[PDB]
Every structure is written in C-alpha cells, then in structure tokens.
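Chemist: Supplied in structure tokens, the structure appears directly below.
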Amino acid sequence: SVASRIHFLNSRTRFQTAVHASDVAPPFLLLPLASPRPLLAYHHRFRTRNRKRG
Amino acid sequence: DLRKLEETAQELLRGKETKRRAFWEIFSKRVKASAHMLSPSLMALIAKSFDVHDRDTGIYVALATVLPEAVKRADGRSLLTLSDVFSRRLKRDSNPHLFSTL
Amino acid sequence: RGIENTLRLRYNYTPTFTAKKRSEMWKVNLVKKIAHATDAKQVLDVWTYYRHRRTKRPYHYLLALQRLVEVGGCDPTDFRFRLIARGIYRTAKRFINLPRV
Amino acid sequence: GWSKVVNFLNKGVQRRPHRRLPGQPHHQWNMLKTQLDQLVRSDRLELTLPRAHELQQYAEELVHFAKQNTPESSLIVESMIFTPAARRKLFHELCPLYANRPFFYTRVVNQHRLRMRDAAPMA
Amino acid sequence: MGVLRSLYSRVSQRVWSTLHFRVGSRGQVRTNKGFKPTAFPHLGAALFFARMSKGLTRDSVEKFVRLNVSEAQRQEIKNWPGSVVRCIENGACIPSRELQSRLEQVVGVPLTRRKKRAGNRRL
Amino acid sequence: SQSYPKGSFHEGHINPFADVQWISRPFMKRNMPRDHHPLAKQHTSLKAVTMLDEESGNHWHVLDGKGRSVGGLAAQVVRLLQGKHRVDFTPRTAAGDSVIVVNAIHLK
Amino acid sequence: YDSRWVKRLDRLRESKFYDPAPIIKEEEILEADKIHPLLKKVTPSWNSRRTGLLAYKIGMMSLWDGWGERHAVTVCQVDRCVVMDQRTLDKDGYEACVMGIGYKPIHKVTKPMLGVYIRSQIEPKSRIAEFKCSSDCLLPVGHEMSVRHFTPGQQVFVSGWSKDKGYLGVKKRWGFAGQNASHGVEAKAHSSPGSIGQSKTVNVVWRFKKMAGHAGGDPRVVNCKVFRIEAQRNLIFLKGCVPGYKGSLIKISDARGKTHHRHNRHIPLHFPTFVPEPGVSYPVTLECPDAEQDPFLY
Amino acid sequence: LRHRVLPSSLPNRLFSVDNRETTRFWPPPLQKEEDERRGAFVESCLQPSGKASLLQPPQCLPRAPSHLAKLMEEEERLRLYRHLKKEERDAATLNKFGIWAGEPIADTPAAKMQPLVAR
Amino acid sequence: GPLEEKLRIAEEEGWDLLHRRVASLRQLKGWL
RNA sequence: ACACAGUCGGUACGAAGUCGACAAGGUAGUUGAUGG
RNA sequence: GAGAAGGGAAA
RNA sequence: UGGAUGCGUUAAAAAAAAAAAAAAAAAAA
RNA sequence: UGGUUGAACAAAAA
RNA sequence: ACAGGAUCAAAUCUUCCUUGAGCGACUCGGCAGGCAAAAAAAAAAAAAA
RNA sequence: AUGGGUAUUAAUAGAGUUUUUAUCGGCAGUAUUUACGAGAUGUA
C-alpha cells in the first residue's frame, strides 16, 4: 500500500542487509490460485482482431 | 558558445600573435553578453587572456559584476588568477565586496 | 476568438528568386539566431517569431533545447516554451536520439 | 460495358433468395429436378458456382425427406426425383449412410478457376 | 388596447424570446472556447459579460438562482437588501460558493478558477 | 400577417425638400453600438499603425474604421493591397502589404 | 455469412427457438447503485431545453386505449443509451450531451475508440451522437437515459433516416402521371416525364428538377405522441409511424415551437431528467391519459 | 524521504488492453462475472459439500482443514484487496472527471453485451 | 486581477518586435 | 488553361559572410524626422 | 455629382 | 413463416432544424 | 423627439 | 499532467500564478485497412487457431 | 528520550493466467502504412 511504502521510505532503522553481494535473493512471491477469466478472454478477443490482414 | 570562447582564450594564450581590432571588439562583446554564464575557471581564463595582451574595454568591470556569484565554485588556480588579475586591473577602492568574497 | 481568414493561403503563381529566398531563409536565420541568443528570453522570442515557418526538424528542436540548457533554463510553462514542448511531443517517434531530448 | 454500373444499379437492391435459371418456371423446376437426379447418381457434379449453390438446397431437401420414412415424405421425394436408379441409390445408400447425420449432407467447393470457353466460374 | 396589439409590438414579442442553439461566429466578442474569467477585473464584470453573451435578463437569472438554491441560501437572498444579481454585477456584494455555482450553471461558464480534484500523492 | 420592417424613416423627421431627406442608420437608435459604461474612456485610437518587417518582407497596416465611409476606406485598402504605393509594384503578383481594419461596426 | 437457402431456412425456423418471455414487474425500487451521485433536480427557466435520446426501432403493433380505440404504435428501445461527455462553452465552445448507444464487438472495434470506451468505463458502443441543450440541462457523465425521461401523453419530435428503394423512374419516385395506356401512345412515353423545362428563352433545366434517380435515404422528421412506456425493458411506444428500417437509429426529443405551444404547455416534465429518489417505488408501465370525450359519440 | 518522489500517472492515463492499471476491471459486466465465478469456485472447492460440483475439470487441491483455513484466509484477503482497489479507483475517477459507471437499468441486448439484430 | 514604439509595444502588448519597426499616424508630419 | 488554345512580356547570384563596420550609444554592427 | 444607365461605391 | 403496394395507417412540428464531403495561425507541398 | 407606429398619433419648427 | 512557480504557506479536497484555447474534444501510435473469398435493399452479423 | 538508533502497514524491481455456445455443410487469399534528422557537436 501507499501507506506502507511511505513507512518504509521514512524509516531510518530498516535496511536490506547483506554481508556479501551473493546474500541478496529475489523477493519471495506467493502465487494465488487460478479461476476462470472471461475478462482476459475478452482482451484476447480484441488482441487477435486483425490476424487475417497480417 | 562557452566552448568556443574557451577555445579562443586558449588560442590567445598559446601564442603571442597580435589579433585585429575587429576580433577584439567582437570577442569583448560576446564575453560581455555571455558573462552571466561564465564558470569561475572560464572567467579566469578570459581575464588572463585579456590581461596578457593588455586590452581594457570595461571587460574587467563587466566580469566583476558577476564574479561574486561564481566565486563559490572557484578552485585554487582560478582564485589565484582572479585575484592576480583583478587586484591590478580594477580601480583602487572600487569593489571591496568582490575582494571580500574572494 | 479568432482571425476571420483561417484557410491556407495557397499562392497560385510561382515565386521569384527574392520571394523564394525570403520564404526559405528561416532555415538559416533560425539556427543562426538561436546560436547568437545569450538568454532564454531571446531564444523563446526567436522561436515564436519563426513559429509559423514549416517544417521544423528534430535538429531544430534539439538545438533549441541545447541552447536553453546552456543559457540557463526557462520556465517550462511559458507558452513560448510550450510551443517547443508540444512540437517535440508531436515529432517524438521521428527522433533518432530520443534519449538526448 | 463499364464495371462501376454494377455498383450503380445494385445500390439499394436485395439478393434473390432463389437464383432464377433460364426459361419459364416449369422448365426451371424440371432442370433442377433433372440435375438433382444426376447428382444423386454421380455423387458429385462439376457445375457453375451459382448453379451448385442453387441445387444444394434441393439436394438437402431430398435427403431430409427421404430419411423420414413416411408416406407423405415418400411422395415428396417422388415429386422431387425422376429415375429408378436415383431412387434406388438414394434410399439404399444415402439414407443408411446419413442415418445418424441430422442435416447438411452436401458441400459446394469453389474451384477458383474460370471456364476456358466462356469464362464461367466453376465449382 | 383592443383584441390586437400593434404589429410592431407583435414582432418585438416574437423576437423577445429568440433562442439560438449556436455560437456561429468567431468574430464576435462573447463567451466561447477558451473563456477565462480572469480576463475581467472582477467576478461582477465576468458575470455581466457572460449573461449578456447568453442574452438573458437579470430578473430571469435571479429567479432561477432563487428557485434552485437551497433553503438557507434562499433565506439569505431574501434578507439581502436589493437584488443580489445586480449587486454582484455592480461589484457590491460577494456571492457564496453555492450562489456562484448556480450562476455558473445559468451562464454556461465559470466565474473563478475552477478547481478539479485529483488523487495524486507524492511518496 | 406580415408587413414591411420598420426602417430608419419610421423614427425621425422627413424633409422631402432637402437632399438628405431623412437620417438613416444601420440599426434603430436604441440598437446602435456603444461602449460598456464602466469600461469606457480607457482607450484611445492612433487611427493607423504600420509595421515594417525587412526580413520576411511581409508588412502590416492596422487602420481604425470608426467614422470612415465604406467606399472611401475601400479605395485606400485596395491601393494598399495591390501595392501601387510601392516603387516595385508589379501587376502580376499580390504585391501589397497585409491590412487589418477595426471598428467595422462604426462604418458609415 | 451462410448461403441464401441456409439463411432462408433459419428465418423460417426462427420462431421455434425464441427465449421464454420475461416476467414484468408492476413496481420497482431504485437504489444508490443505479443513480448517478451528481444527478440532481433543477427548476427550469424560460430558455431551458432538455436533451433528446437515442433508440432503436423494433417493430409496430396495434394497442387499445381506455375508450376502446385502436392505435397503431411503434416500439422503440433505449438500448443502454449512456452519457459519455459534456460539451461546454469554455471547453468546447458550445453546449451539448454526447450519448452512446448499442454494443459493438471488440474484434470490430478500433483501438483508439476502445481507449475512449475504457475511459468511459462502458462496453463498446455501436453509435454515438450529440444532443444540444441548455447549460442547466446538462447531464452527468455516466448517467443512463431511461424511458421515464418522457411523460406519456407528451408530443415528441422524432428524426430518422428513410429507407432506400433503389433506382426508380419519375412515375414511382415522384408519382408522375405519365400517359394513357392506349390511344396510340408510344412505348417510350407510357411512363415518361414529358417536358423537362422551358424553351430557347431561358435555355436551361432548372435546379432541383424532379427526375429519375436513387430513391429514399433522406433525413426525415415527424411528430409522435408518447403512448406508453415500460421502464423494465426501456421500451417506448409512440403513436404513429417512424422513418427507417427495423433496428435503425432514431432520435427522440421534446416537441418544439407550434407543437409544444399547442400540446405540451400544461404537461409537466422532469428537469433535467427523471431523478429517482432512493427507496421510492415507481410504476413499471405508464399509459397516456384517456380522451375526455367519448370517441364513439357519433 | 526528504525530497518526495512523484509516481507517474501514465499508467492511469493509458487506456488499452496492455495497460492493467486501467483495464483491470473493464468491462464491468465481465468483472462482475469474474468475481462471481471466483466466489463460486472457492465455495465449491475450499468448502466442499461432499459432491463434485463439476464446475471445472478436477484438481488435486488440499483437503486438510488446516490447509483449507489458510487458503480461505488468503482468498478473503485477495477479495478485500480487489474490492478496495476498485472502490478507490472509482472514487478517483468520480472526483477527477465526474465519470461514474452504474448497474444496468433495463434488460436490453447491450446490457447483455450482445448486438441488437432483427431476430 | 492580481525606441519608444518598441518599449510601448513590449509594455502593453507584451511581445518583442526584434528587428521589426513600428510607427503610428501621430508621427506623419515628421516625414511629410 | 478563365483563353479559335495564341500574342507581348516574364523571376536580377553572393552577406547563406563576420577574427564584422559623421555624430551618439548605455553596446543592440542599435540610433539621429515628428507637439496640438 | 454627370444615360454615373458596365461593376463598386465616393463629396 | 413472409414480401411489396395503396384502396390502408400516421405526421404535417423543427429551418441557428434535420444533415453533410474538405479541423483551417499551413503565407510559396 | 417618443417602439408612438399594418390605412393610427403626440412634441418642436419655421 | 495538479506538470512548473511565488508567499510569515492554502479545511479534509491547492491561497494564488503559469499552462496564448495544456494540440477543437477524447483516444491510438505493432495505430490505421484498399482488393479477393463469404455475405449483403441503408446497415448489421465470424477473435485467433 | 536535554530526542529521532524512535516505536506504524513495503505486493518491494514483478497484483501475473483464455469465457460462453456448439452433432452435421461453407469463406478467410493479398496489398498499403509510421525515422520527410544533420545518430553526431558520440557517453566529460
């Protein structure tokens, strides 16, 4: 959130710590479960609009 | 531009060739017109270029008008050159504020 | 609100040597006066004076911007500078060195 | 002539549900029935594109009513067909072959070539 | 008069309620695309200019304001000596925000720098 | 039913014995143009201004039309548009300058 | 995109696969989720003029009124007619409400128009048109026009486009008399236009002369009476006939000038439009008032 | 921070299917359908009723109540996030342009996202 | 609300003539 | 081509340079003529 | 100042 | 399950309206 | 001189 | 664009100034679509594989 | 806290995924189009 981003940017006690360059790891990501996406299907419908002309 | 003026000053310093009155007038006019853009180093370079050939057309007063603003970023060499030139070229008790700034 | 005559004035007779020279000489005078200008006011006045001369080019825009930076900047909201900014946005895709802009 | 006159004269005109063949309506109906009989006997006919498009519907009607197997549909098929060979072929081969096909028993293929003699599109 | 007025009066009657749905000339000095209230010395002058450009009467503008404003603002209007629109145009009284909003609704243009609300935040 | 509009002779004296038999105006007395009362006496007219541009060669004239006759102004404007006042006049080009005329509402 | 016979057969079999009819409510309530937050009532001045709206011609049917009089009526549907922008003097130099109607497939929509629709937060629209109006009658962006905009019994000024009849001669395009079918008439003269102008003195054929050409396809305006409205399906039943094909665009607006002075002077109208109050119940179907005198009196 | 940094508004000002900050919830009908189907899937999988809903081809999702509770908490948090972001964006659009999208008022083909045809 | 010809135009109109020159009818008798 | 379709005429390089150029300048290779 | 009765429009 | 036409039905209101085919500070493409 | 003014009038003037 | 600027500094939610009219307005910029096929009274109706 | 090692909420450089109808027959082959800059006075 904007509030949490501002909190981190204001904090003078929080850091990303690494004793050596190889310490830094990619941020951990939690992948949510899937469900049908008719909206995304609609977007794909638009994207494939002019394939006959190409 | 400023780079062209720097090149002109460097050329005037490298050799002792006597330039023409038209060159002196055009150079003085351009220096006065660009005075507000001069860094302390370029200002010292131009002041030395004029002083070596012993040409005075108000260029020293025109440069002193703006120099106090450019003093804050002056290196040791530029400070030496500016002190040496202006102390001799400015009229006695003319701009004590400038010397105080230096 | 506006001038009564807004239709393009398309001359139906070919110009003479002097007429065509006057028509085309902005391509020299614009860059010459941008170089000669030692102030943002002068730069913007010259650009406004040549506002109606077509067709401006990316190097014209870049020369204007470089001269503005060297003279020491200007208000980015002055309508004279807004002319330049809108022209830059118009010809953005035609710039080779967009990062320089 | 001039090609743009086609656009000019068709501005605001509807397509005819049935393409009209030459001659009077009885002659047109006889021609369509004869070509339907021949199509049944041959399984495929090389025609002009419009004629194939026109005869397709009657072929579909023939199959649809032959499948139903009632006296009324039998009489309809009889009114549509001419020859005993076509009758036998239809009932004993096409009907069992299409027993589980609800509809759409034929197809029209555009050859994408103009006939040499008269430049007639073919299918 | 009799059952009929003078023809001059009848023509003036017809012309009194002329209502044009266009601004069809850019040579006119009137409210148009790009109108700026600040071009005039004060809100009263801007309001008079806008109302005259619209072709509306002070009485009609005041009546609309009175009939469309809230109850407390109506009470304030009643309490105010004289006509509020006339005082505003003369630059004698300062309107409220609601009064100005109704005046702007009437005349079609803003009378002060219009403030739009954005949702931007610096991190 | 409809009838003729009210002209300028429906709002003043008529003297059939005079050359100017009645005073005629573009509008009625109440419809003649005027300056807004508080925004008056703030401006003055130089009546004519000329701008010379030697670089582009396109010069400008700006003229005040208040109180001038239509034809009397039109002849002068035609002279300026043609450029017959210039020593390098040529009939085969629009050899004149550009012209702006103000206060056309006040033409007589 | 099927064959002619396939389309004909599908037209024949269309009836067998219609959806079951919906259940029409008698009264409905509107909550805040269907009311634009900036939609507020206004009392008009003398110059106030409301906006029109867009509808699709659907068909025509015969309806009985209170006295038992039969009227042929045309049904139009306001198929998601939504305000998309406001024109203003300072921002556009004039005043109007921009309205979009219908639905267009995205695979047929263009990218910049798709961006416009995304900015408007609406599905892709089929058509867009303006309606010039007074400053006080401007509607807020996002509001959806309802048939309740029109009070039954009111007169409405309707504009549309007439159908195309193709190329027609003078006899069918302008009803020219032609010549006798007998009595020696020449074949070329049976349906000829006859003379087409005067003679050597004027030596021209006058402009706007009536001759053969492509008939139909003109902008036509008429008056209608708001006979009935149904808010559930946004249906408006207008007395009379309307130009255009079934499914063609129609503009509907308040009657004006003579018609307004003679018919609408006493019928109250909602300004700027129907402004629902949350929680209140309203009828779904509204009919025009009945005639005071018995039409079957003589 | 001492000098605040300004985020770019181009993600808000770019309207295309390639800009999610603007096309995430567009069109509203399909956004509602997506939310409804997500809720139905969650109720029919993370709250099993002892029968195969058959809404989708089967998945080997966790069945332990301890895991189901955490999955439900995650889904509730996702739902709250989506709802709050939609509400905030709608409020910003209303305050900026006065634009506002509401529920359909009538049963019409356009509201059904279908073309109006003679049939 | 919150070179005589050149100066006047700059002060009132608010733009610069540059190389352009302006005169008004008030000065005609100096050239006649 | 506005043209019985022709006739008489018909664009005047460079400074697009610049280390340029009598009396004043407030230094712009800018300026001198002009109170009712 | 006039069949200024080719067009514009002038004291 | 439909089409056309009038011998059928409706309107006769708007003209700064309905509508359109050339956004134009672009003065030598 | 007055919106006073469809085929109607008032004021002033010489 | 709340994008830039001023101030003994703003109700949440900008006190003002600038933005010649923030390109006529809103969008797009791998946008845009002439012909064929297949359809087709004006129009509308097929996402790609 | 004679005060900012100081307290709160970094999804943070990654908020990312193709719907519905549908027994069977049919179309989908091509062309045009965006740098009319002097990349460049190349990163100091």
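Numbering starts fresh at 1 for the residues of each chain in the structure tokens, the chains themselves are lettered A, B, ... in the order given, and ligands are numbered from 1 as they appear.
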Excluding same-chain residues fewer than 6 positions from residue C:87, what lies within 10 Å of it counting only C-alpha atoms (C1' of nucleotides), as a PyMOL selection string?

Modeler: (chain C and resi 56-58+61+81) or (chain N and resi 23)

Chemist: Could you work out which residues of chain E fall inside 6 Å of chain H? Count only C-alpha atoms, and format the result as a list in words.

Modeler: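 Matching residues, ligands excluded from the count: residues 117, 118, 119, 122 and 123 of chain E.
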
Chemist: Output N, CA, C and O atoms for every residue in the selection just made, as a PDB file, in the first residue's frame.

Modeler:
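Output contents, as saved in again_35.pdb:
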```
ATOM      1  N   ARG E 117     -10.397  18.089  -8.606  1.00  0.00           N
ATOM      2  CA  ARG E 117      -9.845  17.306  -7.507  1.00  0.00           C
ATOM      3  C   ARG E 117      -9.159  16.069  -8.076  1.00  0.00           C
ATOM      4  O   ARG E 117      -9.815  15.196  -8.652  1.00  0.00           O
ATOM      5  N   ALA E 118      -7.842  15.999  -7.912  1.00  0.00           N
ATOM      6  CA  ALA E 118      -7.057  14.847  -8.326  1.00  0.00           C
ATOM      7  C   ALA E 118      -6.746  13.963  -7.122  1.00  0.00           C
ATOM      8  O   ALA E 118      -6.891  14.365  -5.965  1.00  0.00           O
ATOM      9  N   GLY E 119      -6.309  12.741  -7.412  1.00  0.00           N
ATOM     10  CA  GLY E 119      -5.986  11.782  -6.373  1.00  0.00           C
ATOM     11  C   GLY E 119      -4.514  11.431  -6.336  1.00  0.00           C
ATOM     12  O   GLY E 119      -4.153  10.263  -6.163  1.00  0.00           O
ATOM     13  N   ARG E 122       2.539  12.183  -3.431  1.00  0.00           N
ATOM     14  CA  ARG E 122       3.982  12.014  -3.536  1.00  0.00           C
ATOM     15  C   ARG E 122       4.455  11.020  -2.482  1.00  0.00           C
ATOM     16  O   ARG E 122       4.028  11.083  -1.325  1.00  0.00           O
ATOM     17  N   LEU E 123       5.333  10.109  -2.886  1.00  0.00           N
ATOM     18  CA  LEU E 123       5.854   9.092  -1.982  1.00  0.00           C
ATOM     19  C   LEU E 123       7.021   9.634  -1.163  1.00  0.00           C
ATOM     20  O   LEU E 123       7.870  10.361  -1.674  1.00  0.00           O
TER      21      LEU E 123
END
```

Chemist: Excluding same-chain residues fewer than 5 positions from stretch 6-12 of chain M, what lies within 7 Å of it counting only C-alpha atoms (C1' of nucleotides), as a ChimeraX atom specification?

Modeler: /E:7 /F:3 /M:1

Chemist: Can those selected residues be exported to a file as a PDB file, in the first residue's frame so that it contains N, CA and C atoms (P, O5', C5', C4', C3', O3' and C1' of nucleotides)?

Modeler:
```pdb
ATOM      1  N   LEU E   7     -48.604  45.873 -34.698  1.00  0.00           N
ATOM      2  CA  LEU E   7     -47.749  44.900 -35.367  1.00  0.00           C
ATOM      3  C   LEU E   7     -46.299  45.036 -34.927  1.00  0.00           C
TER       4      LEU E   7
ATOM      5  N   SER F   3     -45.691  42.218 -42.722  1.00  0.00           N
ATOM      6  CA  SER F   3     -45.610  43.509 -43.389  1.00  0.00           C
ATOM      7  C   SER F   3     -44.146  43.939 -43.401  1.00  0.00           C
TER       8      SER F   3
ATOM      9  P     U M   1     -33.784  63.292 -33.538  1.00  0.00           P
ATOM     10  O5'   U M   1     -34.816  63.099 -32.341  1.00  0.00           O
ATOM     11  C5'   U M   1     -34.560  63.663 -31.066  1.00  0.00           C
ATOM     12  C4'   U M   1     -35.782  63.631 -30.184  1.00  0.00           C
ATOM     13  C3'   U M   1     -36.455  62.279 -30.008  1.00  0.00           C
ATOM     14  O3'   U M   1     -35.794  61.438 -29.081  1.00  0.00           O
ATOM     15  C1'   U M   1     -38.093  63.927 -30.424  1.00  0.00           C
TER      16        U M   1
END
```

Chemist: Using only C-alpha atoms (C1' of nucleotides), I'd like every residue of chain E that has an atom within 12 Å of chain L; please write them out as a list in words.

Modeler: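 Every residue of chain E that passes the 12 Å test is in residues 18, 19, 20, 21, 22, 23, 24 and 25 of chain E.
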
Chemist: Please, which residues in chain K fall within 10 Å of chain F when counting only C-alpha atoms (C1' of nucleotides), and what is the closest atom pair and distance in Å to one decimal for each, ordered by chain then residue number, as a Markdown table?

Modeler:
```
| residue | atom | partner | partner_atom | distance |
| --- | --- | --- | --- | --- |
| K:8 | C1' | F:71 | CA | 8.1 |
| K:9 | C1' | F:71 | CA | 5.1 |
| K:10 | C1' | F:71 | CA | 6.1 |
```
